Every structure is written in structure tokens, then in C-alpha cells.
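Engineer: Can you keep this structure in mind? I'll have questions shortly.
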Amino acid sequence: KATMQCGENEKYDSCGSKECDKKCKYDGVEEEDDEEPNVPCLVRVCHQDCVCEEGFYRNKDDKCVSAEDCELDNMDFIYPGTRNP
């Protein structure tokens, strides 16, 4: 999974299995739409792979969906918290 096998609506990227590029930028609860994407996450292992398609946001496990979806996916709390992006 995410070994060039991301959440289907993916894109090849020369930077990790995730890059947290379009990370769903809210901390745990949608209200805390504070943290910048990428910056808190910075996947050091940025080896070329697949990433969430340049179009939508990775909710969690690199499932590219709109932030609109992610705000509902909050049922399963997208919780960086410490550093669990």
C-alpha cells in the first residue's frame, strides 16, 4: 500500500509515498484548520512514489478526497496531535 499503490485517484511524484503536500490541514477537529500542510509532517523518506492526486487532499492514509470530504471524515478524526498526520 502506497508503494506506487496509493488511494487510486493518485499521481506519481518524485517525493515520498505521501509528501503531506495537500495534507488535510486541520488538527483533529475541523475548527483547528490552523497547521500548514507538509511542514508539520515532512516525510524524510521522500523517495519517488505515488502521492494523492494534484487536485484533492490526503485525508489520512493517502486517500485523495476533497477537504470537504475530510471535514466529514472528521468522524475518524484526522488528528496530527503530536505528529500522526
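Each chain in the C-alpha cells gets a letter, A, B and so on, in the order shown; residues start at 1 in every chain, and ligands are counted from 1 in the order they appear.
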Return as a ChimeraX atom specification the full set of residues in chain A whose backbone-based DSSP assignment is strand (DSSP E).

Structural biologist: /A:10-13,49-52,57-58,64-65

Engineer: At a cut-off of 9 Å, using only C-alpha atoms, what residues contact residue A:36? Leave out same-chain residues fewer than 6 positions from it and give the result as a ChimeraX atom specification.

Structural biologist: /A:23,25-26

Engineer: Can I get the selected residues back with N, CA and C atoms, as a PDB file, in the first residue's frame?

Structural biologist:
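again_38.pdb was written with the following content:
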ATOM      1  N   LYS A  23      -1.876  17.800   2.480  1.00  0.00           N
ATOM      2  CA  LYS A  23      -2.346  17.185   3.710  1.00  0.00           C
ATOM      3  C   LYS A  23      -3.632  17.901   4.127  1.00  0.00           C
ATOM      4  N   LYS A  25      -5.282  19.871   6.094  1.00  0.00           N
ATOM      5  CA  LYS A  25      -4.745  20.837   7.044  1.00  0.00           C
ATOM      6  C   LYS A  25      -5.653  21.246   8.216  1.00  0.00           C
ATOM      7  N   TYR A  26      -6.155  20.286   8.998  1.00  0.00           N
ATOM      8  CA  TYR A  26      -6.817  20.589  10.258  1.00  0.00           C
ATOM      9  C   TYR A  26      -6.306  19.639  11.330  1.00  0.00           C
TER      10      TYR A  26
END

Engineer: If you run DSSP on the backbone, which residues of chain A are alpha helix (DSSP H), as a PDB file with C-alpha atoms, in the first residue's frame?

Structural biologist:
ATOM      1  CA  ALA A  67     -11.154  18.810   2.106  1.00  0.00           C
ATOM      2  CA  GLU A  68     -14.986  18.869   2.003  1.00  0.00           C
ATOM      3  CA  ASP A  69     -14.833  15.072   2.476  1.00  0.00           C
ATOM      4  CA  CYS A  70     -12.057  15.318   5.089  1.00  0.00           C
ATOM      5  CA  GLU A  71     -14.241  17.641   7.240  1.00  0.00           C
ATOM      6  CA  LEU A  72     -16.808  14.754   7.364  1.00  0.00           C
ATOM      7  CA  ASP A  73     -14.059  12.116   7.687  1.00  0.00           C
TER       8      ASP A  73
END

Engineer: Separation of atom CA of residue A:9 and atom CA of residue A:60, in Å?

Structural biologist: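 Taking atom CA of residue A:9 as the start and atom CA of residue A:60 as the end point, the length is 14.1 Å.
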
Engineer: What is the distance between atom CA of residue A:52 and atom CA of residue A:80, in Å to one decimal?

Structural biologist: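 Computed distance, atom CA of residue A:52 to atom CA of residue A:80, equals 17.7 Å.
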
Engineer: By how many Å are atom CA of residue A:37 and atom CA of residue A:1 apart?

Structural biologist: 21.8 Å

Engineer: Would you please work out which residue, of A:48, A:40, A:24, A:35, is nearest to residue A:3 when using only C-alpha atoms?

Structural biologist: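 Closest to residue A:3, using only C-alpha atoms: A:48.
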